[PDB]
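Below you will find one chain, with nothing else, as C-alpha cells; this is the form deposited in one PDB entry, and questions on how it binds or moves follow later.
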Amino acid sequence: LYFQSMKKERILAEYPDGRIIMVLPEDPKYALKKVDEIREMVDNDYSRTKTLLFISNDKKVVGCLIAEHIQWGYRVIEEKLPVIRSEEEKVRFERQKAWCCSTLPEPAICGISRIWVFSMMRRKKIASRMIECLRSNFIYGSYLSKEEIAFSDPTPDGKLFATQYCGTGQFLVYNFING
C-alpha cells in the first residue's frame, strides 16, 4: 500500500489505467528513497540502474522494473519431453515440459534485475508495457530487441511471463544456474 508523488516526474507513457514513470540515480532524494522502499517491499515475494514504475490513477505504485547494464546472458529453452512407457503399456503422447538453461554465454545489453507487479493487478499487461518502455528507453534513440534483454534469476512467474513476452519459448537470463 505504497504511493508516489511527482515533484516533476518524467512520463514515458500514459494509459486508461495509469502511467509509467522512470526514475534515475541523478533524481531528487525524494525519488531515491521511494525506489528504496518499493525495492524493499518488492524483495518480499544502485550504479547506472534505471527504475520503471507503473502508477495507477490512484497514485499507488503497482509496477516496478529495475534494469542494469550487462554484457552476457544465458538462453533458457522450453523443451517438451516424450514420455515413453514399457512395451506392455499403452502409448500416450502427453509430453512433460522442461526448461533448459544453456551454459553458453550469449551477448546481451539490458538485465532486468527486478520486475514486480501487485498481485491483484496481474494479467493486465502492466509488466509487458513496462518492458515495452524499457526497450524504447534503456538507450536514448534505440529500440532494444527482445533478445538484448535478460532476466535475472527468473521465478516461475517470470519464466511464464518472459516466454510469452519473447515468443518462441526462449529468453535470456543471468544470476542463474550457469552464471
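For every residue, the number given is its place in the sequence shown, counted from 1. Throughout, rigid core stands for the largest set of C-alpha atoms superposing within 1.5 Å between the two forms.
Not on display, but discussed next: the form deposited in another entry.
In the core-superposed comparison between the shown form and the other one, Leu144 has its Cα shifted by less than 2 Å. The rigid-core alignment places the CA of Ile70 2 Å or more apart between the shown form and the other one. After superposition on the rigid core, displacement of the C-alpha of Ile109 between the shown form and the other one stays below 2 Å. Whereas the shown form places them at one spacing, the Cα atoms of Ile77 and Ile109 lie at least 3 Å closer in the other entry.
Relative to what is shown, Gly158 and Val76 are farther apart in the other entry; their C-alpha atoms differ in spacing by at least 3 Å.
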